[PDB]
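Here are two versions of the same chain, shown separately as structure tokens and labelled structure 1 and structure 2.
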Structure 1
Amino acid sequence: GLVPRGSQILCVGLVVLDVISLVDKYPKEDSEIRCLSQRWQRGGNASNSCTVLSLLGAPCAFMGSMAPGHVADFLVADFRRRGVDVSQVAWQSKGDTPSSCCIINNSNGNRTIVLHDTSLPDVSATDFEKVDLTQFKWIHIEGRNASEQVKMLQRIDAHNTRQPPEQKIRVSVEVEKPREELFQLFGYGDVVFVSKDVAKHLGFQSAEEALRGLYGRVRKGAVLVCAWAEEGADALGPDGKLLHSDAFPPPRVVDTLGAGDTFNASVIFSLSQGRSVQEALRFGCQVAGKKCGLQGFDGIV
């Protein structure tokens, strides 16, 4: 159906089906055991942010790769259950739709993971070329396949080059795997999210060390953003002023999985409503804090 011009936030990245099994003890190889409970969850960075943006009330769409099959079917039904627009999915003729097996040991909390395979092709610059941008007010890009996503960021530059500032598409970018290739993305986007995990791998020991240490890599005008779990979040604009907001503990921690994706989506949401970076950092921390003390995304409002 019809989507008004400049109304949606698009997130480009991975979606994955996570099968999550709760067990008594860790299974010894070659055994047949009952679990305590099992969940199928839609997962992936761009995937969760879309969920959040919908709960938060933004019209939103997801672009990532799927393969026709029963796994897609479930994934697409969960997306749709959360109000996400999937009209831009990149259906692939080759490969498996990503699925992961996660096993959680009850008596200790340990999480073991068999990660999804690498059979399916990522979204590509030509795939992306085929997309009429006018619907989007904001596009956000999970960092995965760097050299291609670069062409897409360049496409969005082009488009923008020719629009009145009030019809310009804002861009955000996320670097979250400690992978050499990803670092070029730093130079793109109006907003750049970097993760505790990545920043540590580059040697920095805190948001402040990371922002000040990496801001030299961001394109002029950009806001560089970093969250540090219970130590809060920071942000660094072109004016050089290091911003900060403390965390917000929930009455008690229940599920941290996906909180970074909640933080990103919330910051993006706030900035898109024209709030100030400081107000965004704040909001970010508030909603991610609330998520942590909840199971999945249901109660975040």
Structure 2
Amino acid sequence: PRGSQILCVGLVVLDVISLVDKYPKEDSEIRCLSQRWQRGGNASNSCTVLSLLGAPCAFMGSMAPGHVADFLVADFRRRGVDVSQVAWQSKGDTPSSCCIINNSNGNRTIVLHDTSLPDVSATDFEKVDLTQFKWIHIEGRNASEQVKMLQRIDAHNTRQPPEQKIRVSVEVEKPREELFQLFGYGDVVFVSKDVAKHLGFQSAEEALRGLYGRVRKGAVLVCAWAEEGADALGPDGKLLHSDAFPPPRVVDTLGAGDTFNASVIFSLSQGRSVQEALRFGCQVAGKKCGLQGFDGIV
């Protein structure tokens, strides 16, 4: 535990999954093919992927003590994911969602139950021993609070040898304008196709060109575009692309996004080029889209 772990900060959510033949028409009744529970949320799913990739990692997000959280915790621990930094709440419930996964094309429809659960705070983050970590990934959410956490990492970085920087990634996944300030932080910034489209952009290339001016100097902006693979753009101005690796049957895309991000991070943290990390990201996400859940992606 000396700059050896990856940390992801974001949501952990109980995903109550129904696998169906066809997405139900409104006001109809359909019998699902199979049912399961999955530990979800973005940062949490990334830890699943990191752990399967063999990277020691740690999750940090809010949970309320409970049966739900007990299942989540057992799950994390079964994966060897570090929960030591979890910010336990005494107020609110563990969030949960119903996910209907369409077995015929892998589409996933998520009915999210937002609880009270208050977010991980600057002050929570204050308590964290940054020295454990080589890489810290932040799922954009409570921006102002996270901006301070990023400020904290910058701080700790300035006072360390180049050999001992903590690399930082950020994801701006959700269309809300609160998050747009997050583009300014981190060595790697992941911007979702949803965010990109919601800002008027029609492809990864366009989005990268359109938004690069918002990242910080030296940063790599990354934009995955579902079956069209993923693109990246660094300080050299050269657009990089990877085709997708679609499985012959796409059966489950829940967590595809997070699988790509974790795989990109893992690859970069292993010292691979951005081009190689973009391909690996698309490769692992493609493998994942052909399987239910996350086992067997490697």
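Think of the rigid core as the biggest set of C-alphas that the two forms share within 1.5 Å after superposition. Residue numbering: sequential along structure 1, first residue numbered 1. Only residues modelled in both forms are compared.
Looking at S119, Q167, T126, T112 after a core superposition between structure 1 and structure 2, you find that only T112 has a C-alpha shift of 2 Å or more. Put the two forms on the same core and the Cα of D239 is off by less than 2 Å between structure 1 and structure 2. In a rigid-core overlay of the protein, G57 has its C-alpha displaced by under 2 Å between structure 1 and structure 2.
Core-superposed comparison between structure 1 and structure 2: the CA of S21 exceeds or equals a 2 Å shift.
On rigid-core superposition between structure 1 and structure 2, the C-alpha of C35 is found to move 6.0 angstrom. Superposing the rigid core and comparing between structure 1 and structure 2 gives a CA shift of 1.5 Å at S99. Displacement of the C-alpha atoms by 2 Å or more across three or more consecutive residues between structure 1 and structure 2, following core superposition, is confined to the runs 20 to 38, 101 to 114.
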